[PDB]
């Protein structure tokens, strides 16, 4: 009854909660757990999964750093009859993936796009408004979905000249942030401020696909930008970002309750290991390159400073001390 749980890094906040919640809920359900974090190093994650298999893990729950990097080791699991659940991020180009548990990532993107569209009055305004864009790591299939959802809302207005991206970086490849790194985002935003918004130009919005990139952006804006504060989006309700929202430095975030995701994954583990139907609610949205992966999509929730206490504190997700 040993289950392996592979998380990408502790340096991006949520995975600390994902891993802890997985471990707690698996142990409550009667499993033994081998939980490991890979410091966002792909070869480390590969070696950790190899070791889980060697230690006799009967099922693998994997939150991959790079979606297409695990093909060899997952073939080993498949050969041994070990089921694989892709956790939050989809594992790509492998026929070894049994199930996928995540939040509705396209909807996350939609919400971020619609927020900017609403606050900039794009349905009725001539503009132009100045936009910059920061998305996630190109090896994370989720980043494609966050970008795609937001762009499906906003791209028509960029095409129409209502939104202007002064840096010229609009394409996914140009706006992706390696490792979802706060520091990398900060360095790029600093260069964009210095090059394009050091004169009187107002930066009206920054579409950030998550909180770690938003944090880098707001760090740079604090340091170097002298104009009226832009719309800044995000996702995860990281503690640093919630505190920034309380100080007016981030507009909104998206709350994804990792306890709920973990609960759904343990239902899948139980179905596989003890018997039953693994819960799924989508076998149409996520093709991993080998084919459709049966998925369970949890609902993401809009958060801002007017509902964060109800969402995060009254729900028991954070303690009140954490947000001081």
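Numbering follows the first chain given and starts at 1.
J.: Look over 170 to 178 and 85 to 93 in the entry and identify the one with the greater average Cα temperature factor.
T.: Mean CA B-factor is higher for 170 to 178.
J.: Of 223 to 231 and 248 to 256, which one has the bigger average CA B-factor?
T.: The stretch with the larger average C-alpha B-factor is 223 to 231.
J.: So if I compare the CA B-factors in the entry for 126, 111, 243, 117, which one is the largest?
T.: Within the set 126, 111, 243, 117, 126 shows the top C-alpha B-factor.
J.: Highest Cα B-factor in the deposition, which of 199, 104, 238, 204?
T.: The record points to 199.
J.: Splitting the chain's C-alpha B-factors into thirds, which one does residue 303 fall into?
T.: Answer is lowest: the recorded C-alpha B-factor places it there.
J.: Can you tell me whether residue 68 has a C-alpha B-factor in the lowest, middle or highest third compared with the other modelled residues of the same chain?
T.: As the PDB entry reports it, the C-alpha B-factor of residue 68 lands in the highest third of its chain.
J.: Which third of the chain holds residue 59 when residues are ordered by C-alpha B factor: lowest, middle or highest?
T.: Lowest third - that is where residue 59 ends up once the chain's C-alpha B-factors are sorted.
J.: State the tercile, meaning the lowest, middle or highest third, of residue 192 with respect to the CA B-factors recorded for its chain.
T.: Its C-alpha B-factor belongs to the middle third of this chain's values.
J.: Quick check on the deposited entry: does the C-alpha B-factor of residue 136 sit in the lowest, middle or highest third of its chain?
T.: According to the entry, residue 136 has a C-alpha B-factor in the chain's lowest third.
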